[PDB]
Structures are given as structure tokens and as C-alpha cells.
*Asks:* 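Handing you a structure now.
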Amino acid sequence: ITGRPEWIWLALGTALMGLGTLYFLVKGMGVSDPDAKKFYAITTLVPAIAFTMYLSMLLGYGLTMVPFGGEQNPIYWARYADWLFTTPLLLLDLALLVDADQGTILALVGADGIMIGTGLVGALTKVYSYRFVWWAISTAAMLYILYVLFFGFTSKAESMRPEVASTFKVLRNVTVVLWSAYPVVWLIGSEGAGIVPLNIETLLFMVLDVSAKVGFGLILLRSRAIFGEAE
Amino acid sequence: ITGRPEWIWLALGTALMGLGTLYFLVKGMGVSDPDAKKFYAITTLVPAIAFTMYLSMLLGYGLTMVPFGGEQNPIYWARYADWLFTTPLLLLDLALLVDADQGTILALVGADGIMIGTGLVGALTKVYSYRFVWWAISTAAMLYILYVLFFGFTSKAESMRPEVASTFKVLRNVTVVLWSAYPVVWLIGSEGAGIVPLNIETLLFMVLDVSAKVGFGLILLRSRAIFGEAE
Amino acid sequence: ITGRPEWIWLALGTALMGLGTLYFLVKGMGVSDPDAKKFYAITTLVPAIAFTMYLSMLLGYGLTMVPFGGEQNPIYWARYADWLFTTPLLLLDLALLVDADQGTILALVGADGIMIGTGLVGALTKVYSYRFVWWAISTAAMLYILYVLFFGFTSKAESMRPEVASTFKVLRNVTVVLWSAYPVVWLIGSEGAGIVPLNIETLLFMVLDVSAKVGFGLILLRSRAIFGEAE
Ligand SMILES: CC(C)CCC[C@@H](C)CCC[C@@H](C)CCC[C@@H](C)CCOC[C@@H](CO)OCC[C@H](C)CCC[C@H](C)CCC[C@H](C)CCCC(C)C
Ligand SMILES: CC(C)CCC[C@@H](C)CCC[C@@H](C)CCC[C@@H](C)CCOC[C@@H](CO)OCC[C@H](C)CCC[C@H](C)CCC[C@H](C)CCCC(C)C
Ligand SMILES: CC(C)CCC[C@@H](C)CCC[C@@H](C)CCC[C@@H](C)CCOC[C@@H](CO)OCC[C@H](C)CCC[C@H](C)CCC[C@H](C)CCCC(C)C
Ligand SMILES: *C/C=C(C)/C=C/C=C(C)/C=C/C1=C(C)CCCC1(C)C
Ligand SMILES: *C/C=C(C)/C=C/C=C(C)/C=C/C1=C(C)CCCC1(C)C
Ligand SMILES: *C/C=C(C)/C=C/C=C(C)/C=C/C1=C(C)CCCC1(C)C
Ligand SMILES: CCCCCCCCCCCCCCC
Ligand SMILES: CCCCCCCCCCCCCCC
Ligand SMILES: CCCCCCCCCCCCCCC
Ligand SMILES: CCCCCCCCCCCCCCC
Ligand SMILES: CCCCCCCCCCCCCCC
Ligand SMILES: CCCCCCCCCCCCCCC
Ligand SMILES: CCCCCCCCCCCCCC
Ligand SMILES: CCCCCCCCCCCCCC
Ligand SMILES: CCCCCCCCCCCCC
Ligand SMILES: CCCCCCCCCCCCC
Ligand SMILES: CCCCCCCCCCCCC
Ligand SMILES: CCCCCCCCCCC
Ligand SMILES: CCCCCCCCCCC
Ligand SMILES: CCCCCCCCCCC
Ligand SMILES: CCCCCCCCCC
Ligand SMILES: CCCCCCCCCC
Ligand SMILES: CCCCCCCCCC
Ligand SMILES: CCCCCCCCC
Ligand SMILES: CCCCCCCCC
Ligand SMILES: CCCCCCCCC
Ligand SMILES: CCCCCCCC
Ligand SMILES: CCCCCCCC
Ligand SMILES: CCCCCCCC
Ligand SMILES: CCCCCCCC
Ligand SMILES: CCCCCCCC
Ligand SMILES: CCCCCCCC
Ligand SMILES: CCCCCCCC
């Protein structure tokens, strides 16, 4: 484990995702509202999945070597197995908050799968220049997601209860800022141009992951928007 | 790329799926009917997924070598990753058109997963004679799907609006004819008996894919069956 | 095939899953109740999936070698591909029986995916002591599932029709007893401590699989709880 300088950030990430999972699990014990139960189930699964994948990276299972640039490059593939399941769950939290229609939910989840799937292909591609073709396709899929979150959901939240509109607006802004950083870290990190070393890259993804999952969840599950209007 | 004679058909397929995706995306911009939005989302995702997998084959990522018959045989595995997601989406288009019940939808999607999954196992199997055992199981799963589309959905469409009944009947006939060709191309192509060479096999799958996805989508999204009855 | 002593139990399992699939398929022909159709579709898919994965193990495709303990250990990975899809389908049978809320269904299916996913990682892990870390995480996920089936569903079934309450109680008890045996067989078998040899381990999993899928299905599909109350 300790033979890799980035191990400290993988261990911290593992701990923070595990602690986040347990807090949400305990906090959700005393909840019977069927609407609130939906948000607790979605939001608790997110850091639980991330916990297992951070642990796999810490123990060395989620790491492979990819030859490109005449070098064997360490690629943590477990990140994409994490994101494949956690990013659509996070979008479902937002879509259920605004009572989005089914067709829009399917478009979001499908574009998200394309985003993560093409990012994985780009991470494992051995022809250096082709890695950035996949990065560009994946980034186009992300821009579609961000467009929908702004010019489809925002207008839908305003016609909703005030507390669900204000909570959505906050979580929307958090998501757009944090998610946009991921393609940048990829491009300048060891998967892309190799400007930033792997140990610093790992620290950046850990800060982003914890903020986008645990921080996101703390804002959502403390809001009254997750409960139905009741007397 | 150009070192493979089949590259021209992979490049054409990539272009036609990309163009198809963009047309459906633009055409769906001016749509607010929640029913129509469902069909546009399903139908636009189909060629978008196929685009990415054709590109992976063009660039050489979606290709592996499988030893059988005393030879290293080029097997494009990316086809099955495509079909795993696009064939159930196409069946969902048909099932939603006739307002099929949930139990029937699950049976269709499950049989479809078995069809594609066993076809993938057959494509990667190293014992030559066993490849055709998997082909037979996969073909049995397809025949179940075709039976349901005829002796379960057809009777359901007649009790529906006339425009949804006539549109379903057309898309049903297109699907049964085109899908039935796939097991035949597999059997006589490089995955099976090896009668037809890979470059011709690739041309045939490209014609079938574009027809079953883009051609299918053009018929559906030009129909009024996708809109609810409104004044 | 016959070069492996466990082949006899893989062949028996294949036959019993295939026969089970055909019986459920025939029995479900004469069913039009939309509620009953749901249970028949879920319950017939379970042994059909298991059939294909037992066949892959029989023919040698679903087997790999994992080095640990200074030895190349035969690991049947196809079991986890089976369980990944069949265990959530079995939980869906139970959840639909008691009309569970959506949030609870998602929590069950998500915990089940974590259970199977971490068990697969543990089966393929090359550092011997780490294999049991994954076993423990997977077992914690199972205990969560069992808790929900007892202290969330049981109370919900009592407020239901008497026949659905008594049928659920029976299937609940069958599930908790049979599922609990799996982590024990893993721990003492070739994936874990290696006390029980592989051929005996394979026999035990076959008895458990057939009972948990075909036996489970025979109890459910003979009950009147799967039909709506009708005159
Ligand atoms: C509606 C939305 C959900 C739609 C989703 C969008 C999606 C279509 C976007 C594209 C996804 C696609 C790129 C997934 C590729 C997975 C692949 C990286 C797995 C590893 O295989 C890659 C190479 C080794 O580098 O295999 C070496 C050769 C091996 C012999 C490969 C044989 C196994 C194949 C991988 C079998 C295909 C399985 C499916 C891809 C499983 C789904 C994986 C997940 C990442 C989507
Ligand atoms: C309700 C419906 C959706 C049900 C679906 C029906 C489905 C059950 C039908 C059978 C599907 C099954 C054959 C999928 C097999 C995937 C497999 C080809 C992936 C590549 O692995 C094959 C060998 C190399 O040749 O791995 C070499 C050895 C490696 C060490 C393998 C270890 C990884 C395992 C593959 C882990 C299992 C992952 C799941 C199979 C992922 C789903 C893939 C998709 C193709 C279903
Ligand atoms: C809501 C719920 C459904 C959530 C589900 C819970 C889930 C997150 C729990 C953890 C699942 C995770 C451990 C799955 C790992 C699959 C992995 C074993 C496949 C084989 O790859 C392992 C190594 C060889 O030993 O690959 C060698 C290196 C290769 C180069 C690997 C590159 C391919 C990657 C495997 C791509 C990721 C694909 C996804 C993991 C596909 C889903 C598989 C299924 C088992 C979940
Ligand atoms: C909890 C994890 C989250 C919210 C991860 C989000 C990840 C992304 C938005 C990743 C995007 C990428 C691109 C847009 C292209 C480059 C490759 C990716 C996958 C890093
Ligand atoms: C857009 C792609 C489509 C509609 C693909 C359809 C593919 C099939 C219907 C494939 C069927 C197969 C068999 C029936 C057995 C032989 C292997 C397959 C997977 C080619
Ligand atoms: C039809 C198959 C069924 C119902 C299989 C159930 C399997 C389990 C409940 C497996 C559980 C495991 C653990 C709890 C940890 C050890 C590894 C597993 C996956 C065997
Ligand atoms: C979206 C965030 C990207 C900003 C990356 C900042 C990295 C600064 C760290 C110093 C770079 C290390 C280079 C010298 C080793
Ligand atoms: C009462 C609110 C705080 C509860 C404690 C939460 C502990 C989980 C770890 C959170 C750290 C990361 C927060 C986002 C920066
Ligand atoms: C379902 C369509 C299958 C028909 C295949 C027709 C192939 C004819 C092309 C000529 C065969 C090439 C053999 C000589 C190289
Ligand atoms: C107005 C209808 C035609 C629009 C142009 C569609 C261009 C997408 C490519 C379609 C070619 C394949 C059609 C099926 C044979
Ligand atoms: C949950 C069931 C686990 C019980 C396992 C009993 C196995 C007894 C078979 C004899 C053990 C073989 C050891 C000598 C070869
Ligand atoms: C009339 C009920 C029996 C029908 C025959 C079922 C045959 C399928 C194989 C069942 C054997 C396994 C039963 C569970 C132990
Ligand atoms: C194995 C991959 C299957 C999933 C394909 C994605 C489409 C799923 C459609 C689900 C239809 C709704 C069923 C109720
Ligand atoms: C990782 C594979 C999980 C999918 C298994 C297929 C069954 C899914 C059941 C979904 C139940 C409906 C939830 C609302
Ligand atoms: C185009 C939709 C408007 C909202 C999206 C904001 C774009 C942020 C740019 C992200 C940069 C990634 C490289
Ligand atoms: C048996 C259901 C009737 C409709 C299915 C038509 C069968 C077409 C044969 C396809 C040939 C594939 C080898
Ligand atoms: C803790 C929830 C109560 C019901 C679960 C029964 C636990 C059975 C123990 C299984 C042993 C697996 C190692
Ligand atoms: C080795 C660098 C080659 C540059 C390729 C950049 C491709 C980016 C595509 C974005 C449209
Ligand atoms: C090398 C050819 C061996 C023939 C096997 C055919 C199997 C087909 C099974 C269809 C029932
Ligand atoms: C080689 C045996 C090492 C023992 C590790 C046991 C780990 C079990 C963790 C359960 C909390
Ligand atoms: C609940 C605390 C979980 C912390 C265990 C993971 C941290 C790795 C320490 C080496
Ligand atoms: C929108 C046009 C997309 C065409 C790019 C793919 C074709 C491959 C050319 C080499
Ligand atoms: C319907 C009977 C299915 C039996 C075939 C599988 C058994 C393997 C025999 C070698
Ligand atoms: C993106 C930063 C999240 C901050 C988490 C703190 C929330 C406390 C209510
Ligand atoms: C299967 C052939 C499809 C033909 C596509 C043309 C549709 C234009 C309306
Ligand atoms: C767990 C044992 C199941 C027994 C199956 C027999 C059911 C006949 C109704
Ligand atoms: C009005 C809410 C502002 C939230 C933005 C937070 C950016 C990290
Ligand atoms: C909408 C604000 C985008 C912020 C992008 C930050 C990328 C590091
Ligand atoms: C009555 C519609 C006929 C459609 C069949 C088209 C076959 C390619
Ligand atoms: C229902 C007509 C089937 C046509 C099969 C064509 C196979 C090449
Ligand atoms: C295995 C075939 C079953 C025969 C019919 C059983 C009575 C519905
Ligand atoms: C009251 C029903 C008892 C069922 C338990 C069966 C254990 C195999
Ligand atoms: C609730 C009874 C548990 C039985 C466990 C059996 C494990 C072999």
C-alpha cells in the first residue's frame, strides 16, 4: 500500500466515504415519509458505492497499467466503475426533486452513461492522440447534461413549492461547478497531458468526490424539500 | 486504421450513426408533449450509443483476437456492447407504443439480454463446436421475442388508436425482418462457419444496423402516434 | 469437461435449471391477469439466467485461475454474473408481493449489488488476507438486506390480504435460511479457507441455487397471492 505516494489520499477518501455512509444511514433511520425515503435511499447508496471503490484503489485492486507515450502508466480504472453508478444516482436526486418527466430522466441517465463510458475508453486507449478524441466526446455529453439542468429543470423548479425550488437551485449550482472540474483534472493529469503528477491528481479527485457526494448529500438531506407537504 | 480492409464500412457506419443522432437531436428540440419526449429520448440514444461503438471499432479498440480453428480470429466485441443497450431500447419504443404491461416489458428485456449475452459468449468461445451451442440458445431467445411481438402486442395494438396501430404494425414488420438477418450473418461470417469474409460481413452488419436504428427512428418520429390525443 | 471432478454437479445444475425454466414457461402460458404476469416474468427469468451460467461453467468458459497461497486456484467467476442479476430479481418478487415503496426497493437492490460486487472482488483478489476483508463487507450488505426483509416488510405484509401475508412469510423464511448459507460455503470453500474441496463446494452451491430459485418459484407461482382480488 504505502509504496504508492498517493496512498494517503486514497485512505482519506475511503474513511470520509465510509463515515458519510454511516451518518446518512443513521440519520435515515427515523424516516417514514415515502417521499423522504426515496431521497435517503438514493443519497446513502452514493457514498457506499464510492467507499468500496476507494477501498479497491487503496488495496491495489482497482489499478492497472496502460502503455502509452512509451511508458507503463498507472491508471485507476475503479474510478469509472464508481462514477458509472453514482453519477446517475446523483442526477436522479435532482430530477425527482423537480418531478421531472420520464423522457427527460432517460435522456440524462443515457447521456451520463455515454459520458462515463467514453471516459473509460479514453483512459484505457493505447494510442496517445486518440485518448483526447474520447475526452472530447465525453465532454460533449457532459455539456448536454449541464444544458438540461439549466434550460429544462430550472424552469420546472420555479413552478414548484418554494423550498424545493430554492434547494434545487443550490444543488444545481454545486453540481455544475464541481462536475465541470473533473474533465479538467483528467486532461492535465496522468490520464491526459501528464502536467500534474498522479499523487496531486489523486488529491484533487478526492476533494471533488467528497464534496460532490457527501457535501451534496448533507445539503439535500437537511432540506425540507424531501418531505411531502403534510399537516 | 486503413490496414484493415473493413475500415471503409466502419467509417461509413460511424458517419451515418453520428448524422442520425444529430438529426434526431435537432428534430426533438421543439417538442413539449411528455409522451413524445419519451420516444425522442429513447430513439435518439440508440444511434448515439451505436456511434460510439462504431468509432471504437474504427480506431481498433473494440477488436480482439480469439484462437479457434488453429487461427487467431479477429472478433469485434464492441458490437455486443452496442447491442446490449440499443436492442432493449428499441423494444421499449415498441412496447410503449402499444402501452404494454410491465410484466411483458420485463420478459422482453430479459430475453433480449440473454440473446445478446449468449451471443457474446459464443463469439469469445475457443472450442469451435461450442460456439454454435451458444448461437442456438441465443436464437431461441430471439424467437421468443419475435413470438411476443406477434402474438401479444399485435392484438394489443388493434384495441388502440388507429394511428398507433398502423405505425406499430409497420415498425413490427421492419423489426422482425431485420433482426432475423443478424443470426444468419453471424453463422456464415467470421464468428461462425467463415464462409463470408470479414470485410463483407462488416458491410452487412452496417446496412442492418443503420436500417434497424436510423431507418426505424425516421419512421417512428415522423408518426403522429407518439403524441397524445390533444385538441 | 469430465476432466474436472465437479463436472457432475455442474451438469445436474444445468439440467435442473433448464427443466425449471421450461415448467414455469409452460405454466405461465395460460395467464392474463396483469399482476400475475409480473410474477411469472420475474420468476421465469431467474432459472433461465442461471441455466446459461451453469452451462458456461460446465463447458469451462466461466472458470479462471487466480494465484494466491502460492497456487493457481480455480475460481468459477460465472457464479457472480448469475447472482448479479438473479438475486435482485428474487428480491423484487418479495417486494412486489408486499407492495413495498420505491425507496425501499432501491435500497434493497443497491445493497444487493454491493453484496455481489464485493464478493466478486474478494474472489479475484490475489492478496490472501484481503479476500476476507471483501467477504466481511459483502456479509454486512447481506445483513442489511435480511434486516429489511424482517423489520420493514413483515410489518407491511400483515396489513395486506391474508393470502399474500402467509405466502410472503413462507418465502421470507426460505430466503433468509438459504441465502445465509452462501457466505458460509464461500468462507470454508476454495474461495476462502480451503477446508472443503471444490467438488463438494460445487455440490453445495448447486443444492442452494436450485432450492433458492426453482423451489422458491414453485411456492410462489402456486399461490393465489400473485393474482389480484377479482370476482
Ligand atoms: C443507456 C446507457 C446506460 C447507455 C450506456 C452508454 C455506453 C454504451 C457508452 C459506451 C460504453 C462502452 C465503452 C463500455 C466499454 C467497457 C469496457 C471498457 C470493458 C473492458 O474492456 C475493454 C478491453 C480492455 O481494455 O477489453 C478487452 C477485450 C475483452 C475480450 C472484452 C470482452 C468483454 C466486453 C467488454 C463485453 C461488453 C460488456 C459491456 C460493455 C458491459 C457494460 C460496461 C459499462 C462500462 C457500460
Ligand atoms: C435481466 C437481463 C438483463 C439478464 C441478462 C442476461 C445475462 C445473464 C445473459 C448472460 C450474460 C453473461 C454471459 C455475460 C458475460 C460477460 C463476459 C463476456 C465479460 C468478459 O469476460 C469473459 C472472459 C473472457 O472471455 O473473462 C475472463 C475472466 C475474467 C476474470 C472475468 C471476471 C469478470 C466477470 C465478467 C464479472 C461479471 C460481470 C457481469 C457479467 C457484467 C455484465 C456484462 C453484460 C455482458 C451482461
Ligand atoms: C446500484 C447498484 C447496482 C450499485 C452496484 C454496486 C457496485 C458498485 C459494487 C462494486 C462493483 C465492482 C467491484 C465491480 C467490479 C467488476 C470487475 C470485477 C470486472 C473485472 O475486472 C477486474 C479486474 C481483473 O480482476 O480487471 C482488470 C483490469 C481491467 C482493465 C478492468 C477495466 C474494465 C472495468 C471493470 C470497467 C468497469 C465496468 C463496471 C464495473 C461494469 C459493472 C460490473 C458489475 C460486476 C457491477
Ligand atoms: C462522485 C463523482 C462524480 C460526481 C464524478 C463526476 C465525473 C465527471 C463529471 C467526469 C467527467 C469526464 C469528462 C467530462 C471527460 C473526461 C473524463 C471524465 C470521465 C473525467
Ligand atoms: C441495432 C442493432 C440491432 C437491432 C441488433 C440486433 C441483433 C440481433 C437480433 C442478434 C442476434 C444474434 C443471434 C440471434 C444469435 C447469433 C448472435 C447474435 C447476437 C448476432
Ligand atoms: C440464486 C442465487 C442466490 C440466491 C445467491 C445468493 C448469494 C449470496 C446471498 C451470496 C453471498 C455472499 C456473501 C454474503 C459474502 C461472501 C460472498 C457471497 C457473494 C457468496
Ligand atoms: C480544476 C482544478 C485544476 C487546477 C490544478 C492546479 C494544480 C496546481 C498544483 C501544482 C502543480 C504541480 C506541478 C509541479 C509538480
Ligand atoms: C451536523 C452536520 C455534520 C455531520 C457530520 C458529517 C460527517 C461526515 C463527513 C463530512 C465531511 C465532508 C463534508 C463536505 C466538505
Ligand atoms: C441475410 C443475408 C445473408 C446473405 C449473404 C450473401 C453474401 C453474398 C456475398 C458473396 C459471398 C462472398 C464469398 C466469396 C468471397
Ligand atoms: C427528411 C427525412 C430525411 C432526413 C435526413 C436523415 C439523414 C440521416 C441519415 C439517414 C440515412 C439512412 C436512412 C435509412 C436507410
Ligand atoms: C452451510 C453448510 C456448510 C456445511 C459444510 C459441511 C461439509 C461437510 C462435508 C465433509 C467435509 C469434507 C472434508 C474432508 C474432505
Ligand atoms: C407439480 C409440481 C412439480 C412440477 C415439476 C417441477 C420440475 C422442476 C424441477 C424441480 C426440482 C427441484 C425442486 C426443488 C427441490
Ligand atoms: C443488461 C442491460 C439492460 C438494460 C438496458 C437499458 C434499457 C432498460 C429498459 C428498461 C425498461 C423498463 C422495464 C420496467
Ligand atoms: C447491477 C445490476 C442490477 C440490475 C438487476 C436487474 C433487476 C433490476 C430490478 C429493478 C427494480 C426496480 C427499481 C425501481
Ligand atoms: C452549455 C450549457 C451551459 C451550462 C454549462 C456550463 C459549461 C461549463 C464549462 C465546463 C468546461 C469543461 C471543459
Ligand atoms: C415463432 C414466432 C413466429 C415469428 C418469428 C419468425 C421467425 C423468423 C425466423 C428467423 C430465422 C433465424 C435463424
Ligand atoms: C440482523 C438482522 C436479523 C436477521 C438476520 C439473520 C442473521 C443470520 C446470520 C447469517 C450468518 C452469515 C455469516
Ligand atoms: C497528441 C495531441 C494530438 C491532438 C489531438 C486533439 C484532439 C482533440 C479533439 C477535440 C475536437
Ligand atoms: C463443428 C460442428 C459441430 C456441430 C454442432 C452443432 C450444434 C448446433 C446445436 C443446435 C441444436
Ligand atoms: C490470513 C488471515 C488474516 C485474517 C484477516 C481477517 C479479516 C476479517 C475482517 C472481519 C472484520
Ligand atoms: C468507519 C471508519 C472507516 C475507516 C477505514 C478505512 C480507512 C483506511 C485506514 C488504513
Ligand atoms: C458529423 C460527421 C461525423 C463524421 C466523423 C466520423 C467519420 C470518420 C471519418 C474518418
Ligand atoms: C431440457 C434438458 C436440458 C439438459 C441439457 C443440459 C444437461 C447437460 C448434459 C451433458
Ligand atoms: C460543496 C461544499 C459542501 C459544503 C457541505 C456543508 C453543508 C452543511 C449543511
Ligand atoms: C427499413 C428501411 C427504412 C427506410 C427509411 C426511410 C423512412 C423515410 C420516412
Ligand atoms: C426450499 C425447499 C423448497 C421445496 C419445493 C417444493 C415446493 C412444492 C410446492
Ligand atoms: C446561491 C447558492 C450558491 C451555491 C454555489 C456554491 C458553489 C460551490
Ligand atoms: C458555471 C461555473 C463553471 C465553473 C468551472 C470551474 C472549472 C474548474
Ligand atoms: C405493411 C408495411 C410493410 C413493411 C415491411 C418492410 C420490410 C422491409
Ligand atoms: C418474417 C419474414 C422473415 C424474413 C427473414 C429474412 C432473413 C434473411
Ligand atoms: C416440462 C413441461 C411441463 C409439462 C406441463 C406441466 C403442466 C402445466
Ligand atoms: C412457516 C414456514 C416455514 C418455512 C421454513 C422452511 C425452511 C427451509
Ligand atoms: C434464521 C435462521 C438462520 C439459519 C442459518 C443457517 C446457516 C447455515
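Excluded from the calculations below are hydrogen atoms, water molecules and symmetry mates; all remaining heavy atoms, backbone and side chain alike, are included. Residue numbers start from 1 in every chain, and the chains themselves are labelled A, B, ... in the order their sequence lines are given, proteins ahead of strands.
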*Asks:* Can you tell which part of C:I105 gets under 4.5 Å to a heavy atom of chain A, answering side chain, backbone, both or neither?
*Replies:* neither
*Asks:* For the backbone of A:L220 and the side chain of A:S223, can you confirm whether one donor and one acceptor N or O come within less than 3.5 Å of each other?
*Replies:* no
*Asks:* Which atoms of A:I42 come close to chain C, meaning under 4.5 Å heavy atom to heavy atom: side chain ones, backbone ones, both, or neither?
*Replies:* both
*Asks:* Checking A:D82 against A:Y54: is there a side-chain donor and acceptor pair closer than 3.5 Å?
*Replies:* no
*Asks:* Answer with side chain, backbone, both or neither: which region of A:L45 has an atom nearer than 4.5 Å to a non-hydrogen atom of chain C?
*Replies:* side chain
*Asks:* Please state whether the side chain, the backbone, both or neither of A:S56 comes within less than 4.5 Å of a heavy atom of chain C.
*Replies:* both
*Asks:* Most heavy-atom pairs under 4.5 angstrom with chain C, which of A:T52, A:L89, A:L59, A:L25?
*Replies:* A:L59
*Asks:* What part of C:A141 is in contact with chain A, defined as an atom under 4.5 angstrom from a non-hydrogen atom: side chain, backbone, both or neither?
*Replies:* neither
*Asks:* Can you tell me if C:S138 uses its side chain to pair, donor with acceptor, with the backbone of C:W135 under 3.5 Å?
*Replies:* no
*Asks:* Distance under 6.0 Å and angle within 45° of the ring axis: does C:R131 meet both against C:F68?
*Replies:* yes
*Asks:* Do C:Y182 and C:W83 have their ring centres less than 6.0 Å from each other?
*Replies:* yes
*Asks:* With a 4.5 angstrom heavy-atom cut-off, which part of C:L106 approaches chain A: side chain, backbone, both or neither?
*Replies:* both
*Asks:* Decide if atom CE of C:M65 counts as having more than 12 heavy atoms of other residues, nucleotides or ligands within a radius under 6.0 Å.
*Replies:* yes
*Asks:* Has C:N73 got a side-chain atom pairing as donor or acceptor with C:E71's backbone, closer than 3.5 angstrom?
*Replies:* yes
*Asks:* Side chain from CB out, backbone as N, CA, C, O: work out which of these in A:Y40 comes under 4.5 Å of a heavy atom of chain C, or both, or neither.
*Replies:* neither
*Asks:* Please identify, among A:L55, A:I49, A:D35, the residue contributing the most non-hydrogen atom pairs under 4.5 Å to chain C.
*Replies:* A:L55
